[PDB]
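K.L.:
One file is attached below, model.cif, containing mmCIF, C-alpha atoms and all ligand atoms.
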data_work
#
loop_
_atom_site.group_PDB
_atom_site.id
_atom_site.type_symbol
_atom_site.label_atom_id
_atom_site.label_comp_id
_atom_site.auth_asym_id
_atom_site.auth_seq_id
_atom_site.Cartn_x
_atom_site.Cartn_y
_atom_site.Cartn_z
ATOM 1 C CA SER A 22 43.558 -13.487 3.171
ATOM 2 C CA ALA A 23 43.874 -9.846 4.213
ATOM 3 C CA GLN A 24 41.671 -9.028 1.213
ATOM 4 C CA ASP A 25 38.781 -11.077 2.607
ATOM 5 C CA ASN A 26 39.414 -9.879 6.168
ATOM 6 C CA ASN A 27 39.092 -6.289 4.940
ATOM 7 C CA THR A 28 35.915 -7.134 3.007
ATOM 8 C CA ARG A 29 34.428 -8.880 6.042
ATOM 9 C CA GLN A 30 35.306 -5.958 8.315
ATOM 10 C CA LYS A 31 33.670 -3.507 5.918
ATOM 11 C CA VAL A 32 30.505 -5.615 5.666
ATOM 12 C CA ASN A 33 30.256 -5.488 9.462
ATOM 13 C CA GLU A 34 30.834 -1.728 9.550
ATOM 14 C CA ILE A 35 28.248 -1.044 6.840
ATOM 15 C CA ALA A 36 25.743 -3.400 8.462
ATOM 16 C CA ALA A 37 26.245 -1.670 11.823
ATOM 17 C CA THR A 38 24.941 1.620 10.385
ATOM 18 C CA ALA A 39 21.453 0.082 10.202
ATOM 19 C CA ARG A 40 21.498 -0.443 13.994
ATOM 20 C CA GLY A 41 19.303 -3.481 13.482
ATOM 21 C CA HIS A 42 19.218 -7.116 12.443
ATOM 22 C CA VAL A 43 21.212 -7.472 9.213
ATOM 23 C CA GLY A 44 21.719 -10.676 7.259
ATOM 24 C CA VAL A 45 24.122 -11.056 4.344
ATOM 25 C CA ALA A 46 24.950 -14.011 2.156
ATOM 26 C CA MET A 47 27.003 -13.890 -0.997
ATOM 27 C CA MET A 48 28.510 -16.445 -3.315
ATOM 28 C CA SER A 49 30.922 -16.154 -6.217
ATOM 29 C CA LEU A 50 28.793 -18.498 -8.261
ATOM 30 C CA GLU A 51 31.301 -20.041 -10.660
ATOM 31 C CA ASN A 52 34.096 -20.517 -8.108
ATOM 32 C CA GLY A 53 31.992 -21.368 -5.038
ATOM 33 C CA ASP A 54 33.442 -19.131 -2.322
ATOM 34 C CA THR A 55 30.926 -17.484 -0.007
ATOM 35 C CA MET A 56 30.724 -14.907 2.746
ATOM 36 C CA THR A 57 27.934 -14.454 5.301
ATOM 37 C CA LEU A 58 26.833 -12.259 8.168
ATOM 38 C CA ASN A 59 24.139 -13.773 10.387
ATOM 39 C CA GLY A 60 23.613 -16.229 7.556
ATOM 40 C CA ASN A 61 21.477 -18.629 9.594
ATOM 41 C CA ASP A 62 19.351 -16.002 11.349
ATOM 42 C CA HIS A 63 15.689 -15.629 10.373
ATOM 43 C CA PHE A 64 14.372 -12.513 8.611
ATOM 44 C CA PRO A 65 10.964 -11.528 7.204
ATOM 45 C CA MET A 66 11.073 -11.956 3.422
ATOM 46 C CA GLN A 67 8.315 -9.629 2.359
ATOM 47 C CA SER A 68 8.113 -9.706 -1.450
ATOM 48 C CA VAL A 69 11.320 -11.733 -1.755
ATOM 49 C CA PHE A 70 8.935 -14.682 -1.361
ATOM 50 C CA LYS A 71 7.560 -14.027 -4.859
ATOM 51 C CA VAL A 72 10.714 -15.788 -6.106
ATOM 52 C CA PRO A 73 9.963 -19.193 -4.493
ATOM 53 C CA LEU A 74 6.348 -18.685 -5.553
ATOM 54 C CA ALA A 75 7.470 -18.180 -9.154
ATOM 55 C CA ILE A 76 9.720 -21.255 -9.039
ATOM 56 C CA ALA A 77 6.801 -23.350 -7.780
ATOM 57 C CA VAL A 78 4.573 -22.056 -10.602
ATOM 58 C CA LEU A 79 7.214 -22.647 -13.275
ATOM 59 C CA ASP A 80 7.863 -26.141 -11.914
ATOM 60 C CA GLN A 81 4.206 -26.885 -12.612
ATOM 61 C CA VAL A 82 4.668 -25.500 -16.133
ATOM 62 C CA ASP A 83 7.608 -27.866 -16.660
ATOM 63 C CA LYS A 84 5.644 -30.824 -15.292
ATOM 64 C CA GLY A 85 2.690 -30.128 -17.606
ATOM 65 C CA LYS A 86 0.089 -28.930 -15.092
ATOM 66 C CA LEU A 87 0.249 -25.265 -16.180
ATOM 67 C CA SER A 88 1.142 -23.404 -19.371
ATOM 68 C CA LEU A 89 2.712 -19.953 -19.651
ATOM 69 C CA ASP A 90 0.137 -19.099 -22.310
ATOM 70 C CA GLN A 91 -2.915 -20.257 -20.358
ATOM 71 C CA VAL A 92 -5.481 -17.519 -19.801
ATOM 72 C CA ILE A 93 -6.138 -16.429 -16.224
ATOM 73 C CA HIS A 94 -9.612 -14.931 -15.845
ATOM 74 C CA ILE A 95 -9.140 -12.250 -13.176
ATOM 75 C CA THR A 96 -12.359 -11.064 -11.540
ATOM 76 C CA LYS A 97 -12.779 -7.761 -9.729
ATOM 77 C CA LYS A 98 -13.281 -9.776 -6.528
ATOM 78 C CA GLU A 99 -9.758 -11.211 -6.826
ATOM 79 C CA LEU A 100 -8.325 -7.679 -7.153
ATOM 80 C CA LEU A 101 -8.289 -6.626 -3.532
ATOM 81 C CA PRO A 102 -8.378 -2.846 -3.029
ATOM 82 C CA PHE A 103 -5.695 -0.863 -1.209
ATOM 83 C CA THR A 104 -2.863 -3.346 -1.796
ATOM 84 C CA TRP A 105 -0.044 -2.628 -4.246
ATOM 85 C CA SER A 106 -1.325 -3.955 -7.566
ATOM 86 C CA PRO A 107 -0.449 -2.594 -11.016
ATOM 87 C CA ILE A 108 -2.932 -5.167 -12.389
ATOM 88 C CA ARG A 109 -5.815 -3.608 -10.452
ATOM 89 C CA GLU A 110 -4.727 -0.085 -11.407
ATOM 90 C CA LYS A 111 -4.762 -0.950 -15.117
ATOM 91 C CA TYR A 112 -7.749 -3.344 -15.022
ATOM 92 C CA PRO A 113 -9.975 -2.135 -12.161
ATOM 93 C CA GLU A 114 -12.899 -4.247 -13.433
ATOM 94 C CA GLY A 115 -10.879 -7.421 -14.011
ATOM 95 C CA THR A 116 -9.341 -8.789 -17.193
ATOM 96 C CA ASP A 117 -7.858 -11.864 -18.843
ATOM 97 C CA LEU A 118 -4.089 -12.233 -18.609
ATOM 98 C CA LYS A 119 -1.788 -15.013 -19.696
ATOM 99 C CA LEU A 120 0.025 -16.823 -16.901
ATOM 100 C CA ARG A 121 3.304 -15.399 -18.206
ATOM 101 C CA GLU A 122 1.898 -11.876 -17.784
ATOM 102 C CA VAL A 123 0.701 -12.542 -14.228
ATOM 103 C CA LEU A 124 4.164 -13.898 -13.405
ATOM 104 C CA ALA A 125 5.810 -10.775 -14.849
ATOM 105 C CA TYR A 126 3.516 -8.447 -12.892
ATOM 106 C CA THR A 127 4.148 -10.432 -9.708
ATOM 107 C CA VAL A 128 7.922 -10.815 -9.936
ATOM 108 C CA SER A 129 8.956 -7.706 -11.879
ATOM 109 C CA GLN A 130 6.444 -5.279 -10.376
ATOM 110 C CA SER A 131 5.731 -7.031 -7.057
ATOM 111 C CA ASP A 132 1.981 -7.162 -7.709
ATOM 112 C CA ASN A 133 0.262 -8.352 -4.528
ATOM 113 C CA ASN A 134 -2.926 -9.454 -6.268
ATOM 114 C CA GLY A 135 -0.888 -11.269 -8.905
ATOM 115 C CA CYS A 136 0.896 -12.981 -6.034
ATOM 116 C CA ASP A 137 -2.324 -14.192 -4.442
ATOM 117 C CA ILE A 138 -3.738 -15.283 -7.802
ATOM 118 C CA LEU A 139 -0.634 -17.397 -8.379
ATOM 119 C CA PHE A 140 -0.750 -18.902 -4.885
ATOM 120 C CA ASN A 141 -4.358 -19.906 -5.474
ATOM 121 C CA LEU A 142 -3.522 -21.357 -8.893
ATOM 122 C CA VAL A 143 -0.849 -23.730 -7.498
ATOM 123 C CA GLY A 144 -2.754 -24.840 -4.401
ATOM 124 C CA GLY A 145 -1.895 -22.216 -1.792
ATOM 125 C CA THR A 146 0.931 -21.245 0.507
ATOM 126 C CA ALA A 147 0.996 -24.742 2.006
ATOM 127 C CA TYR A 148 1.745 -26.250 -1.396
ATOM 128 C CA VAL A 149 4.498 -23.748 -2.190
ATOM 129 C CA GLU A 150 6.077 -24.254 1.230
ATOM 130 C CA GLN A 151 6.233 -28.034 0.912
ATOM 131 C CA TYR A 152 7.581 -27.735 -2.637
ATOM 132 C CA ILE A 153 10.401 -25.426 -1.512
ATOM 133 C CA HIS A 154 11.211 -27.703 1.411
ATOM 134 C CA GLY A 155 11.272 -30.631 -1.013
ATOM 135 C CA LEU A 156 14.030 -28.776 -2.881
ATOM 136 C CA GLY A 157 16.144 -28.976 0.273
ATOM 137 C CA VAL A 158 15.604 -25.332 1.267
ATOM 138 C CA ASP A 159 14.864 -25.931 4.943
ATOM 139 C CA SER A 160 15.434 -22.502 6.536
ATOM 140 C CA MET A 161 12.441 -20.770 5.022
ATOM 141 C CA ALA A 162 8.743 -20.674 5.850
ATOM 142 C CA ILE A 163 5.879 -19.614 3.589
ATOM 143 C CA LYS A 164 2.669 -19.309 5.617
ATOM 144 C CA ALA A 165 0.794 -16.192 4.503
ATOM 145 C CA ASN A 166 -0.281 -14.748 1.196
ATOM 146 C CA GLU A 167 -0.421 -10.978 0.714
ATOM 147 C CA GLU A 168 -4.026 -10.709 1.877
ATOM 148 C CA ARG A 169 -3.172 -12.458 5.145
ATOM 149 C CA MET A 170 0.057 -10.466 5.535
ATOM 150 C CA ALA A 171 -1.901 -7.224 5.387
ATOM 151 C CA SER A 172 -4.292 -8.353 8.148
ATOM 152 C CA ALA A 173 -1.763 -7.810 10.959
ATOM 153 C CA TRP A 174 1.782 -6.494 11.345
ATOM 154 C CA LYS A 175 3.217 -9.697 12.841
ATOM 155 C CA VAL A 176 2.111 -11.948 9.977
ATOM 156 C CA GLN A 177 5.070 -10.984 7.767
ATOM 157 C CA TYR A 178 7.441 -12.619 10.280
ATOM 158 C CA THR A 179 5.847 -16.007 9.538
ATOM 159 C CA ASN A 180 7.184 -15.740 5.950
ATOM 160 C CA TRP A 181 10.821 -15.854 6.974
ATOM 161 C CA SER A 182 14.092 -16.953 5.448
ATOM 162 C CA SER A 183 17.701 -17.100 6.443
ATOM 163 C CA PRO A 184 20.130 -15.337 4.113
ATOM 164 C CA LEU A 185 21.581 -18.742 3.217
ATOM 165 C CA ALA A 186 18.160 -20.202 2.382
ATOM 166 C CA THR A 187 17.535 -17.422 -0.130
ATOM 167 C CA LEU A 188 21.108 -17.850 -1.402
ATOM 168 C CA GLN A 189 20.288 -21.532 -1.997
ATOM 169 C CA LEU A 190 17.423 -20.533 -4.270
ATOM 170 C CA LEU A 191 19.599 -18.036 -6.148
ATOM 171 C CA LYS A 192 22.275 -20.697 -6.725
ATOM 172 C CA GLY A 193 19.589 -23.091 -7.959
ATOM 173 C CA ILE A 194 18.220 -20.456 -10.329
ATOM 174 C CA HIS A 195 21.695 -19.639 -11.618
ATOM 175 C CA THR A 196 22.481 -23.297 -12.365
ATOM 176 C CA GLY A 197 19.048 -24.316 -13.671
ATOM 177 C CA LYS A 198 18.692 -26.865 -10.873
ATOM 178 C CA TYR A 199 14.924 -26.484 -10.454
ATOM 179 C CA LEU A 200 13.575 -25.489 -13.862
ATOM 180 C CA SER A 201 13.865 -26.342 -17.534
ATOM 181 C CA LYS A 202 16.012 -24.023 -19.631
ATOM 182 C CA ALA A 203 12.901 -22.315 -21.035
ATOM 183 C CA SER A 204 11.270 -21.767 -17.644
ATOM 184 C CA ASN A 205 14.535 -20.773 -15.991
ATOM 185 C CA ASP A 206 15.327 -18.321 -18.792
ATOM 186 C CA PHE A 207 11.874 -16.793 -18.330
ATOM 187 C CA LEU A 208 12.363 -16.434 -14.565
ATOM 188 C CA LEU A 209 15.714 -14.712 -15.111
ATOM 189 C CA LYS A 210 14.148 -12.443 -17.734
ATOM 190 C CA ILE A 211 11.405 -11.210 -15.403
ATOM 191 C CA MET A 212 13.887 -10.832 -12.504
ATOM 192 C CA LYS A 213 16.084 -8.657 -14.736
ATOM 193 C CA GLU A 214 13.189 -6.600 -16.170
ATOM 194 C CA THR A 215 12.342 -4.819 -12.957
ATOM 195 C CA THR A 216 12.857 -1.207 -11.942
ATOM 196 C CA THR A 217 12.251 -1.891 -8.254
ATOM 197 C CA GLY A 218 14.929 -1.132 -5.699
ATOM 198 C CA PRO A 219 17.117 1.232 -7.757
ATOM 199 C CA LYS A 220 18.833 2.227 -4.495
ATOM 200 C CA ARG A 221 19.361 -1.331 -3.227
ATOM 201 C CA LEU A 222 21.522 -3.914 -5.044
ATOM 202 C CA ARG A 223 21.636 -1.469 -7.969
ATOM 203 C CA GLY A 224 22.252 1.636 -5.867
ATOM 204 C CA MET A 225 25.998 1.866 -6.414
ATOM 205 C CA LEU A 226 26.528 -0.535 -9.267
ATOM 206 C CA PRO A 227 27.033 0.703 -12.823
ATOM 207 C CA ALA A 228 23.612 1.499 -14.248
ATOM 208 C CA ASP A 229 24.095 -0.959 -17.126
ATOM 209 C CA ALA A 230 25.014 -3.856 -14.839
ATOM 210 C CA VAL A 231 22.818 -6.911 -15.353
ATOM 211 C CA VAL A 232 21.012 -7.768 -12.097
ATOM 212 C CA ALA A 233 18.307 -10.441 -11.754
ATOM 213 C CA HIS A 234 16.737 -9.662 -8.392
ATOM 214 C CA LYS A 235 13.674 -9.331 -6.185
ATOM 215 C CA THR A 236 13.096 -6.692 -3.514
ATOM 216 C CA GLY A 237 11.044 -6.879 -0.354
ATOM 217 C CA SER A 238 9.800 -4.035 1.815
ATOM 218 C CA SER A 239 7.584 -3.607 4.833
ATOM 219 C CA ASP A 240 5.886 -0.485 6.072
ATOM 220 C CA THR A 241 7.328 1.401 9.049
ATOM 221 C CA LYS A 242 5.286 0.833 12.213
ATOM 222 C CA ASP A 243 6.082 2.493 15.548
ATOM 223 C CA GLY A 244 9.266 3.650 13.854
ATOM 224 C CA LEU A 245 10.379 0.076 13.122
ATOM 225 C CA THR A 246 10.800 -1.173 9.560
ATOM 226 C CA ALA A 247 10.513 -4.965 9.631
ATOM 227 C CA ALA A 248 12.058 -5.619 6.214
ATOM 228 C CA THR A 249 14.199 -3.818 3.639
ATOM 229 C CA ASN A 250 15.550 -6.593 1.421
ATOM 230 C CA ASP A 251 17.083 -7.244 -1.968
ATOM 231 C CA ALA A 252 18.355 -10.562 -3.310
ATOM 232 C CA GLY A 253 19.678 -11.349 -6.738
ATOM 233 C CA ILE A 254 22.296 -12.489 -9.221
ATOM 234 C CA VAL A 255 24.708 -9.832 -10.495
ATOM 235 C CA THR A 256 26.726 -10.287 -13.682
ATOM 236 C CA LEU A 257 30.272 -8.996 -13.302
ATOM 237 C CA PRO A 258 32.247 -7.345 -16.126
ATOM 238 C CA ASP A 259 34.323 -10.510 -16.520
ATOM 239 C CA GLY A 260 31.155 -12.520 -17.211
ATOM 240 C CA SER A 261 31.092 -14.414 -13.918
ATOM 241 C CA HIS A 262 28.276 -13.913 -11.431
ATOM 242 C CA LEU A 263 27.686 -13.067 -7.793
ATOM 243 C CA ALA A 264 24.654 -14.157 -5.797
ATOM 244 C CA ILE A 265 23.943 -11.507 -3.154
ATOM 245 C CA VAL A 266 21.304 -11.499 -0.404
ATOM 246 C CA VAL A 267 20.945 -8.548 1.978
ATOM 247 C CA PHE A 268 18.142 -8.469 4.541
ATOM 248 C CA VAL A 269 17.934 -5.334 6.699
ATOM 249 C CA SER A 270 15.388 -5.973 9.425
ATOM 250 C CA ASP A 271 13.940 -4.609 12.642
ATOM 251 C CA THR A 272 15.584 -1.211 12.496
ATOM 252 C CA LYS A 273 14.417 2.290 13.341
ATOM 253 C CA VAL A 274 16.790 4.052 10.931
ATOM 254 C CA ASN A 275 15.426 5.834 7.882
ATOM 255 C CA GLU A 276 15.049 4.538 4.337
ATOM 256 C CA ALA A 277 18.215 6.148 2.997
ATOM 257 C CA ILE A 278 20.304 4.442 5.675
ATOM 258 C CA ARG A 279 18.552 1.065 5.245
ATOM 259 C CA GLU A 280 18.878 0.994 1.457
ATOM 260 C CA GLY A 281 22.415 2.340 1.662
ATOM 261 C CA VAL A 282 23.431 -0.733 3.645
ATOM 262 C CA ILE A 283 22.331 -2.921 0.727
ATOM 263 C CA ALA A 284 23.888 -0.687 -1.919
ATOM 264 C CA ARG A 285 27.247 -0.275 -0.194
ATOM 265 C CA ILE A 286 27.602 -3.972 0.635
ATOM 266 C CA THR A 287 26.746 -4.885 -2.958
ATOM 267 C CA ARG A 288 29.296 -2.489 -4.455
ATOM 268 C CA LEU A 289 31.882 -3.747 -1.964
ATOM 269 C CA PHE A 290 31.482 -7.276 -3.340
ATOM 270 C CA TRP A 291 31.517 -5.987 -6.932
ATOM 271 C CA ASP A 292 34.772 -4.122 -6.252
ATOM 272 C CA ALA A 293 36.271 -7.105 -4.394
ATOM 273 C CA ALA A 294 35.826 -9.401 -7.396
ATOM 274 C CA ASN A 295 38.873 -9.818 -9.612
HETATM 275 CL CL CL B 1 -3.041 -19.918 0.919
HETATM 276 CL CL CL B 2 18.164 -24.298 4.322
HETATM 277 CL CL CL B 3 0.233 -7.833 14.848
HETATM 278 CL CL CL B 4 14.571 10.899 8.928
#
Please express the file's structure as structure tokens.

P.N.:
Amino acid sequence: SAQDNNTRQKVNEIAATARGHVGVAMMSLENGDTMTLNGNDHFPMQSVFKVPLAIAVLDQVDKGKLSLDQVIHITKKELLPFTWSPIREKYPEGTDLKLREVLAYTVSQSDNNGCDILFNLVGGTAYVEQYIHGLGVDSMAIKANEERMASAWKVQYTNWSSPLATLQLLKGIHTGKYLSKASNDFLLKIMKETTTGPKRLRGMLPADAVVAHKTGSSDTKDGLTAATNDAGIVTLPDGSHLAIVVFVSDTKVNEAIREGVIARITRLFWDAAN
């Protein structure tokens, strides 16, 4: 269709403004049509990987190994300094938090210490990786927690995904494929109750649009930003849903240009829905 040719051409033009490695995957969830750009290429996930982490944790809740109300005793030693951590900022001497609260801090606020606490609770990155692969999500790797990612610039590239692999997870979240209704509802709740990335998926969508998403961001080193990502499920006015993954990687352009790629592509798909 000329409608989809125009959409595809505009995705390419928007992506080109990042002058980098751009991956896009979208699906109209109820109908099943998809569009991709570099959909099988590999991209650093950064904090997008807190989504597969959360699925692995909630799977253990469903299986009876964990409980959302179980108390996590967080010591000062587990709260690494320097790293982004609303938990540490509020509880610099440690605290007790319910598992549901650690999950909310990790997914909704991207807490790096919450992330590493959750990885440790489920058996580490190796456990989460094999669990995700067991779901049939092959084109993803989870090798490093946040502490290890901070140790050297290159480590983030070992936690990679293709746009389609992240799309797979979004489709599975949308349909409740991996999690009980209660655990899946909770995951969607915490993915919706975030204020991160207002200029990404949300940048040019109506402010009251419902968007369940997770951002990922690297620092900028030698002018290169490894990752500027957003992935989520958008509810359209007609009640149907779009799954949208945009990874902007390995570019020297500034933050406004990088985030604008995500925002403009997302609004393009919103406007292209009928
Ligand atoms: Cl680990
Ligand atoms: Cl895959
Ligand atoms: Cl390095
Ligand atoms: Cl600039």

K.L.:
For chain A against ligand CL 4 (chain B), with a cut-off of 12 Å and counting only C-alpha atoms and all ligand atoms, what is the closest atom pair and its distance in Å to one decimal for every residue that makes the cut, ordered by chain and number, as JSON lines?

P.N.:
{"residue": "A:241", "atom": "CA", "partner": "B:CL4", "partner_atom": "CL", "distance": 11.9}
{"residue": "A:244", "atom": "CA", "partner": "B:CL4", "partner_atom": "CL", "distance": 10.2}
{"residue": "A:273", "atom": "CA", "partner": "B:CL4", "partner_atom": "CL", "distance": 9.7}
{"residue": "A:274", "atom": "CA", "partner": "B:CL4", "partner_atom": "CL", "distance": 7.5}
{"residue": "A:275", "atom": "CA", "partner": "B:CL4", "partner_atom": "CL", "distance": 5.2}
{"residue": "A:276", "atom": "CA", "partner": "B:CL4", "partner_atom": "CL", "distance": 7.9}
{"residue": "A:277", "atom": "CA", "partner": "B:CL4", "partner_atom": "CL", "distance": 8.4}
{"residue": "A:278", "atom": "CA", "partner": "B:CL4", "partner_atom": "CL", "distance": 9.2}
{"residue": "A:279", "atom": "CA", "partner": "B:CL4", "partner_atom": "CL", "distance": 11.2}

K.L.:
Using all atoms listed in the file, tabulate the residues of chain A lying at most 10 Å from any atom of ligand CL 2 (chain B), each with its closest atom pair and that distance in Å to one decimal, by chain and increasing residue number, as a Markdown table.

P.N.:
| residue | atom | partner | partner_atom | distance |
| --- | --- | --- | --- | --- |
| A:61 | CA | B:CL2 | CL | 8.4 |
| A:153 | CA | B:CL2 | CL | 9.8 |
| A:154 | CA | B:CL2 | CL | 8.3 |
| A:156 | CA | B:CL2 | CL | 9.4 |
| A:157 | CA | B:CL2 | CL | 6.5 |
| A:158 | CA | B:CL2 | CL | 4.1 |
| A:159 | CA | B:CL2 | CL | 3.7 |
| A:160 | CA | B:CL2 | CL | 3.9 |
| A:161 | CA | B:CL2 | CL | 6.8 |
| A:182 | CA | B:CL2 | CL | 8.5 |
| A:183 | CA | B:CL2 | CL | 7.5 |
| A:184 | CA | B:CL2 | CL | 9.2 |
| A:185 | CA | B:CL2 | CL | 6.6 |
| A:186 | CA | B:CL2 | CL | 4.5 |
| A:187 | CA | B:CL2 | CL | 8.2 |
| A:188 | CA | B:CL2 | CL | 9.1 |
| A:189 | CA | B:CL2 | CL | 7.2 |
| A:190 | CA | B:CL2 | CL | 9.4 |

K.L.:
Using only C-alpha atoms, which residue out of A:232, A:282, A:171, A:252 lies closest to residue 105 (chain A)?

P.N.:
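Closest to residue 105 (chain A), using only C-alpha atoms: A:171.
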
K.L.:
Would you list the residues that come within 8 Å of ligand CL 1 (chain B)? Count all atoms listed in the file and give the answer as a list in words.

P.N.:
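For ligand CL 1 (chain B), the residues inside 8 Å are residues 137, 140, 141, 144, 145, 146, 147, 164, 165 and 166 of chain A.
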
K.L.:
Mind checking which residues fall within 9 Å of residue 87 (chain A), counting all atoms listed in the file, ignoring those fewer than 5 positions away in the same chain, and posting them as a VMD selection string?

P.N.:
chain A and resid 78 to 82 120 143

K.L.:
As a list in words, please: every protein or nucleic acid residue near ligand CL 3 (chain B) (cut-off 9 Å, counting all atoms listed in the file).

P.N.:
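Written in the requested form, the residues are residues 172, 173, 174, 175 and 176 of chain A.
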
K.L.:
Could you add the missing atoms to region 179-200 of chain A, up to N, CA and C atoms, and return them as a JSON list (two decimals), keeping the file's coordinate frame?

P.N.:
[["chain", "number", "residue", "atom", "x", "y", "z"],
["A", 179, "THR", "N", 6.05, -14.59, 9.80],
["A", 179, "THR", "CA", 5.85, -16.01, 9.54],
["A", 179, "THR", "C", 6.33, -16.42, 8.15],
["A", 180, "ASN", "N", 6.57, -15.47, 7.25],
["A", 180, "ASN", "CA", 7.18, -15.74, 5.95],
["A", 180, "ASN", "C", 8.64, -15.32, 6.08],
["A", 181, "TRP", "N", 9.45, -16.20, 6.65],
["A", 181, "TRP", "CA", 10.82, -15.85, 6.97],
["A", 181, "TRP", "C", 11.79, -16.70, 6.16],
["A", 182, "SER", "N", 13.02, -16.21, 6.07],
["A", 182, "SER", "CA", 14.09, -16.95, 5.45],
["A", 182, "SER", "C", 15.39, -16.59, 6.15],
["A", 183, "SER", "N", 16.34, -17.51, 6.14],
["A", 183, "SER", "CA", 17.70, -17.10, 6.44],
["A", 183, "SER", "C", 18.35, -16.55, 5.18],
["A", 184, "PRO", "N", 19.40, -15.76, 5.32],
["A", 184, "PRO", "CA", 20.13, -15.34, 4.11],
["A", 184, "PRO", "C", 20.62, -16.51, 3.29],
["A", 185, "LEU", "N", 21.10, -17.57, 3.95],
["A", 185, "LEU", "CA", 21.58, -18.74, 3.22],
["A", 185, "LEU", "C", 20.45, -19.46, 2.49],
["A", 186, "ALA", "N", 19.26, -19.53, 3.08],
["A", 186, "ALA", "CA", 18.16, -20.20, 2.38],
["A", 186, "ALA", "C", 17.81, -19.49, 1.08],
["A", 187, "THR", "N", 17.77, -18.16, 1.11],
["A", 187, "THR", "CA", 17.54, -17.42, -0.13],
["A", 187, "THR", "C", 18.71, -17.57, -1.09],
["A", 188, "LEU", "N", 19.95, -17.58, -0.56],
["A", 188, "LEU", "CA", 21.11, -17.85, -1.40],
["A", 188, "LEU", "C", 20.98, -19.19, -2.11],
["A", 189, "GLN", "N", 20.52, -20.23, -1.39],
["A", 189, "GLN", "CA", 20.29, -21.53, -2.00],
["A", 189, "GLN", "C", 19.44, -21.39, -3.25],
["A", 190, "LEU", "N", 18.31, -20.68, -3.13],
["A", 190, "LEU", "CA", 17.42, -20.53, -4.27],
["A", 190, "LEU", "C", 18.12, -19.80, -5.41],
["A", 191, "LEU", "N", 18.88, -18.75, -5.09],
["A", 191, "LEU", "CA", 19.60, -18.04, -6.15],
["A", 191, "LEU", "C", 20.60, -18.94, -6.86],
["A", 192, "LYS", "N", 21.35, -19.75, -6.11],
["A", 192, "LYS", "CA", 22.28, -20.70, -6.72],
["A", 192, "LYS", "C", 21.52, -21.68, -7.62],
["A", 193, "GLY", "N", 20.37, -22.16, -7.16],
["A", 193, "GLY", "CA", 19.59, -23.09, -7.96],
["A", 193, "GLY", "C", 19.02, -22.45, -9.21],
["A", 194, "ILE", "N", 18.64, -21.18, -9.13],
["A", 194, "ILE", "CA", 18.22, -20.46, -10.33],
["A", 194, "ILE", "C", 19.40, -20.31, -11.28],
["A", 195, "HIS", "N", 20.54, -19.88, -10.76],
["A", 195, "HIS", "CA", 21.70, -19.64, -11.62],
["A", 195, "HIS", "C", 22.09, -20.89, -12.39],
["A", 196, "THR", "N", 22.03, -22.06, -11.75],
["A", 196, "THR", "CA", 22.48, -23.30, -12.36],
["A", 196, "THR", "C", 21.37, -24.07, -13.05],
["A", 197, "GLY", "N", 20.13, -23.58, -13.04],
["A", 197, "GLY", "CA", 19.05, -24.32, -13.67],
["A", 197, "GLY", "C", 18.70, -25.61, -12.96],
["A", 198, "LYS", "N", 18.89, -25.65, -11.65],
["A", 198, "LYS", "CA", 18.69, -26.86, -10.87],
["A", 198, "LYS", "C", 17.22, -27.24, -10.76],
["A", 199, "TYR", "N", 16.32, -26.25, -10.78],
["A", 199, "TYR", "CA", 14.92, -26.48, -10.45],
["A", 199, "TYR", "C", 14.02, -26.48, -11.67],
["A", 200, "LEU", "N", 14.45, -25.85, -12.76],
["A", 200, "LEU", "CA", 13.58, -25.49, -13.86],
["A", 200, "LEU", "C", 14.24, -25.83, -15.18]]
